[PDB]
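**Student:** Here goes the first bit of my complex:
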Amino acid sequence: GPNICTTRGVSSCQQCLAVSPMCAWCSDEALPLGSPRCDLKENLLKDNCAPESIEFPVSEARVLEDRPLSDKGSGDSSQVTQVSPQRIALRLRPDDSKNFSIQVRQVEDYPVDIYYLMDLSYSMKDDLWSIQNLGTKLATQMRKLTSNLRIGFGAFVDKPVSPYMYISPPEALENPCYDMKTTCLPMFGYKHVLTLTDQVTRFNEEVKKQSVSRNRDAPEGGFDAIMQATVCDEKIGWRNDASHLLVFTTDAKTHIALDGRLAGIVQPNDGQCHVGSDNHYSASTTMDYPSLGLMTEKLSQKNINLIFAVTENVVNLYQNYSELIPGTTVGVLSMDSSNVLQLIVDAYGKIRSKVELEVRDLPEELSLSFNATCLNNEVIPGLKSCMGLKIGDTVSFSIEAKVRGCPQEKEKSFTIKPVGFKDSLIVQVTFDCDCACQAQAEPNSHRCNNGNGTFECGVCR
């Protein structure tokens, strides 16, 4: 009979849900202050409360949709599926939790978001021409890696300030190359042109539309461009549900933090997005270059891999920078950039050893605790990720969904997605603290046997 909420929940219509999942509360005078109250579902059920007046939510873990995980990326028609659960129903009561799991496979098919960030220095005018066949061809080869790939584009020409830019000593350098019987563009720091799109044929056209500018100072502004491409998710077109490959294409050594002193640039770089409505980095004349530290933190935190498509003569600096920018990779670029297609396909294959989850739109009242199965049946707590996987391997994450207190009676959608992958788990969460018992109350003085009080949730008060 008497079980926990017999003394802890009888005074309250809501507290009884908060105290224990096994308790129930009759209504409509089924047991009108009969003797037992709350107890366990079964005790009231037997003592005349069998009808659904008991209002007995319990914490629940159910799966709404579970389309099976796929073996091959070529398995078209039914959508190739990268994760096992698709939609989950979660019902919590106050100060409780339920377990679920996320199975993720490195199918030969997770989606790719690739951004082509180009060096727009004069020596690259022939590369912009060669690149007119990319986008279409890049994606075509990548179709064998995944069926879903998007391509964007941007560029860098270094900070448009006195010592890097030809200083506008004359007017002649406000629209340069007047020196050599040609014309070219002014310096602009970092520019964004094309957001990622599945209509990759747009890249072919967008690169054709571009042309180079002039730089006095040989070092490139590539580190501002990388950091902004890495950080500005909202314009670059990064879908969390896709791998982020930032391709940095260049023929020269980069400019680094505190070198900016020569232009009077001493403002620390906070690693923030400064790209405005003109798709231009407005901070290009006031903020210094990001450090290797800032690049590492932002690309790691936001799951961006950098690919350095760098010509042979400056590889030594890029490889050494990569050693201090962990998670990145450096290849060797042809002077006509015709090998970017292969450079990227290979770079992607080299990158592919990680699975990591991110939960979007999580409310402040709910805590998601993870235990990641990285090997065999061993789980490491505190991880949203596993390293050292090969294509075709799986990872299994054990997740505990706990609610603190009694959050408002609204359904929330928690999206649990691998970073890198289209597929995600939608966990639909509601809170069983507020239920029919609260509405089903008519105090009215009398009804508490012979007396004057209230009555609610099967018990007088």
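**Tutor:** Sure, I can see it. Residues are numbered from 1 along each chain as shown, chains lettered A, B, ... in the order given.
**Student:** Every contact and neighbour count from this point should use C-alpha atoms.
**Tutor:** Will do.
**Student:** which outside residues touch the longest helix anywhere in chain A?
**Tutor:** As assigned by DSSP state H, the longest helix anywhere in chain A is helix A:340-351. The contact list for helix A:340-351 (Cα atoms under 8 Å, 6 or more residues apart in numbering) reads A:134, A:137-138, A:141-142, A:245, A:247, A:305, A:307, A:309, A:327-334.
**Student:** Same question for stretch A:170-188.
**Tutor:** Residues from elsewhere that reach stretch A:170-188, judged by Cα under 8 Å, 6+ apart: A:122, A:156-160, A:165-168, A:211-215, A:280, A:284.
**Student:** hey, C-alpha coordinates of that stretch in PDB?
**Tutor:** Extracted in PDB, the C-alpha atoms of stretch A:170-188 (Å, rounded to 0.1, in the frame of the first residue of the first chain):
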ATOM      1  CA  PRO A 170      49.500  57.500 -56.300                       C
ATOM      2  CA  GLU A 171      45.900  57.000 -57.300                       C
ATOM      3  CA  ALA A 172      47.300  54.500 -59.800                       C
ATOM      4  CA  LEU A 173      47.200  51.700 -57.200                       C
ATOM      5  CA  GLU A 174      43.600  52.200 -56.300                       C
ATOM      6  CA  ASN A 175      42.800  50.100 -59.400                       C
ATOM      7  CA  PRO A 176      46.300  48.400 -60.000                       C
ATOM      8  CA  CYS A 177      48.400  46.800 -62.900                       C
ATOM      9  CA  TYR A 178      48.400  50.100 -64.800                       C
ATOM     10  CA  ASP A 179      52.200  49.400 -64.600                       C
ATOM     11  CA  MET A 180      52.200  46.500 -66.900                       C
ATOM     12  CA  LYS A 181      49.600  47.300 -69.700                       C
ATOM     13  CA  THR A 182      46.800  45.500 -67.900                       C
ATOM     14  CA  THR A 183      44.200  46.100 -65.300                       C
ATOM     15  CA  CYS A 184      43.500  44.200 -62.000                       C
ATOM     16  CA  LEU A 185      41.600  44.700 -58.800                       C
ATOM     17  CA  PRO A 186      42.200  46.600 -55.500                       C
ATOM     18  CA  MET A 187      43.100  44.900 -52.300                       C
ATOM     19  CA  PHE A 188      40.100  43.800 -50.100                       C
END
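**Student:** What are the buried residues along it?
**Tutor:** A:173, A:174, A:176, A:177, A:184, A:185, A:186, A:187, A:188 (16 or more other Cα atoms under 10 Å).
**Student:** now for chain B:
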Amino acid sequence: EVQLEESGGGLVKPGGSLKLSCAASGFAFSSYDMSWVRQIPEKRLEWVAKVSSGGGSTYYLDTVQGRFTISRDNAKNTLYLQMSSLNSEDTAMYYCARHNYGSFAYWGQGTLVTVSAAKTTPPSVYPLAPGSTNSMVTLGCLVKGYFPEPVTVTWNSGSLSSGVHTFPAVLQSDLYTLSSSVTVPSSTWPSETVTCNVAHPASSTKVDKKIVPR
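**Tutor:** With chain B added, the chains above now look like this:
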């Protein structure tokens, strides 16, 4: 001090060719870009061609390109412009100029190029004397029928400079006509001789014409 001097202009028959040159001194010629700008009879300036300081890059006006060549000899400190297939549109005063990053900081004096089927003709010079009394008397000379320009007129071989007005030539049917006046004290004419001195370099002709009373 920068010094630029153009030469080699003259009368060219249509479809012909002509080489202009411009000597330079007073500066590091090989350190500056050079260009030619021409002044069209409407007094409009038109840029014609530019050659970079090392001679590597040469840019031409679209309606010039394929006919003209701009080049330079940095050892001889001399700029050249080789014209060919010349049309009437190419008649102009040609000026050499030194650049300062898109500006033409220093200019030469100008060499005149005339493109025309007309033949070189010396001027016929006539005195202008008053018909058969004041403190001053106006005298002159009519310089008629010459081609091409220029013609230079002085009075008493440059001795008389005051009271002198030389009018710009008027082109009528492929020949130019100009006049020149001189005002002198009435008390010195005919007591002193007044002579009009006319030079026409194109035909190596110089005529001295005395003005006598009618």
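**Student:** now with chain B: the contacts of stretch A:170-188?
**Tutor:** Under the contact criterion Cα atoms under 8 Å, 6 or more residues apart in numbering or on different chains, stretch A:170-188 has outside partners A:122, A:156-160, A:165-168, A:211-215, A:280, A:284, B:52, B:56-59, B:101-102.
**Student:** Drop anything exposed from these.
**Tutor:** Those of the contacts of stretch A:170-188 that meet the buried threshold are A:122, A:156-160, A:165-166, A:168, A:211-215, A:280, A:284, B:52, B:57-59, B:101, by 16 or more other Cα atoms under 10 Å in any protein chain shown.
**Student:** what is the nearest residue to residue B:169 once chain neighbours are set aside paired to in the beta sheet?
**Tutor:** Nearest non-adjacent residue to residue B:169, counting by Cα to Cα, 6 or more residues apart in numbering or on different chains: residue B:178, 4.4 Å away. Residue B:178 forms beta bridges with residue B:143, as assigned by DSSP bridges.
**Student:** these two touch, right, residue B:178 and residue B:165?
**Tutor:** No. Residue B:178 lies out of contact with residue B:165 (Cα atoms under 8 Å); the separation is 10.9 Å.
**Student:** Looking at these two, which one has more neighbours?
**Tutor:** Neighbours around residue B:178 and residue B:165, counted as other Cα atoms under 10 Å in any protein chain shown, are more numerous at residue B:178. The numbers are 20 against 15.
**Student:** And the most centrally placed residue in chain A, how far from chain B?
**Tutor:** Geometric centre of chain A, nearest residue: residue A:240, 3.6 Å, by Cα atoms, centre = their mean. Counting by Cα to the nearest Cα, to the nearest Å, the gap from residue A:240 to chain B is 50 Å.
**Student:** For the nearest residue in space to that residue that is not next to it in sequence, which residues are in contact?
**Tutor:** Excluding the flanking residues, the one nearest residue A:240 by Cα to Cα, 6+ apart is residue A:419, at 5.5 Å. Listed by Cα under 8 Å, 6+ apart, the contact partners of residue A:419 are A:240, A:241, A:242, A:243, A:303, A:355, A:356, A:357, A:358.
**Student:** just residue B:104 next, same as before
**Tutor:** B:97, B:98.
**Student:** What parts of the stretch 151-300 of chain A come near chain B?
**Tutor:** Within the stretch 151-300 of chain A, the residues that sit near chain B (Cα under 8 Å from any Cα of the partner chain) are A:170, A:171, A:172, A:178, A:179, A:180, A:181.
**Student:** same thing but 7 Å
**Tutor:** With Cα under 7 Å from any Cα of the partner chain as the criterion, the stretch 151-300 of chain A meets chain B at residues A:170, A:172, A:180, A:181.
**Student:** where along the stretch 301-450 of chain A do the strands fall?
**Tutor:** A:304-311, A:329-333, A:354-360, A:366-375, A:378-381, A:385-387, A:394-403, A:412-418, A:425-431, A:445-447, A:449-453 (DSSP state E, counting those that start in this stretch).
**Student:** ok, now chain C:
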Amino acid sequence: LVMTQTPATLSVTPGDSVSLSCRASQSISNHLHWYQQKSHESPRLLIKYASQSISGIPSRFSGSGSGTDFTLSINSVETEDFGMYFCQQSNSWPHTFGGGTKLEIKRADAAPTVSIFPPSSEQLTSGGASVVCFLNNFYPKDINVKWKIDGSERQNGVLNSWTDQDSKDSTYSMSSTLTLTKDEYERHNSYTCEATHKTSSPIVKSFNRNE
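**Tutor:** With chain C now in place:
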């Protein structure tokens, strides 16, 4: 690219201030230079790069503007500021110049000195006859010169030439030549030069072939 330059002409009294305006069909950033050209002399750079003066150019000359619209202001115009002004574009090939502005100096009006000359015996010998009229030291430049033969207006054969404004006195001179065939010349008696101008009632000078 097209460079439009206005006003085409400008008449300014000494001590007054003026401005010139340069319009580009597209943006030329600050790639705009200004030049001055005096009579029988070559152009000289006044202002470079829209506002930077040069070395011995007076402060009175001040350039301004960017992109599509530039000006050249001249404060307290001096007699010596007479002459043509040109803007020039250095942004895109070919380089281009504006039409140019002719700056004139305004001064007190002055009637012309008019003198008429008969054909020389030397010209008549060759079969021609040019009657010449000089109109010196006048201001404003606008004069109307007519020829009358035995009282009848003649246009055929009349050639006019104006000098550029004098650098000392800021006045103008003009020469009007009436060219006839000797045989035609000998059919008329009276040759008259008529000058209609402000400051007066035309000024007339004449020559009688029978005198």
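**Student:** Revisit the contacts of helix A:340-351 given that chain C is now included?
**Tutor:** A:138, A:142, A:307, A:329, A:331, A:333 (Cα atoms under 7 Å, 6 or more residues apart in numbering or on different chains).
**Student:** give me phi/psi at the second one?
**Tutor:** Right, residue A:142. Main-chain dihedrals, residue A:142, degrees, to the nearest 10: phi -70, psi -20.
**Student:** What number of residues are in the vicinity of it?
**Tutor:** Around residue A:142 sit 21 other residues, with neighbours defined as other Cα under 10 Å.
**Student:** which ones are touching it?
**Tutor:** Applying Cα under 7 Å, 6+ apart, the residues near residue A:142 are residue A:345.
**Student:** and the gap between it and chain C?
**Tutor:** Residue A:142 is 42 Å from chain C, by Cα to the nearest Cα.
**Student:** doesn't residue A:460 make contact with residue A:26?
**Tutor:** No. Contact criterion Cα atoms under 7 Å: residue A:26 and residue A:460 do not qualify, at 11.6 Å.
**Student:** Those two - which one has more neighbours?
**Tutor:** When neighbours are counted by other Cα under 10 Å, residue A:26 comes out ahead of the other of residue A:26 and residue A:460, with 29 against 22.
**Student:** so is the residue nearest to the centre of chain A in a helix, a strand, or just coil?
**Tutor:** Following DSSP: H, G, I helix; E, B strand; the rest coil, we place residue A:240 in the coil state.
**Student:** quick one, phi/psi of it?
**Tutor:** phi -60, psi -30.
**Student:** Phi, psi for the closest residue in space to residue B:22 that isn't next to it in sequence please.
**Tutor:** In space, and not counting its chain neighbours, residue B:22 is closest to residue B:6: 4.0 Å by Cα to Cα, 6+ apart. Per-residue torsions, residue B:6: phi -80, psi 150 (degrees, to the nearest 10).
**Student:** coming back round to it: which of the contacts of helix A:340-351 lies closest to chain B?
**Tutor:** The nearest member of the contacts of helix A:340-351 to chain B, counting by Cα to the nearest Cα, is residue A:333 at 29.8 Å.
**Student:** Contact partners for the residue nearest to that closest one when sequence neighbours are not counted?
**Tutor:** The shortest distance from residue A:333 to any non-neighbouring residue, by Cα to Cα, 6+ apart, is to residue A:311 (4.4 Å). Residues near residue A:311 by Cα under 7 Å, 6+ apart: A:250, A:251, A:332, A:333, A:334, A:335.
**Student:** Out of the residues you listed, which end up buried?
**Tutor:** Taking 16+ other Cα under 10 Å as the criterion, what is buried in those is A:250, A:251, A:332, A:333, A:335.
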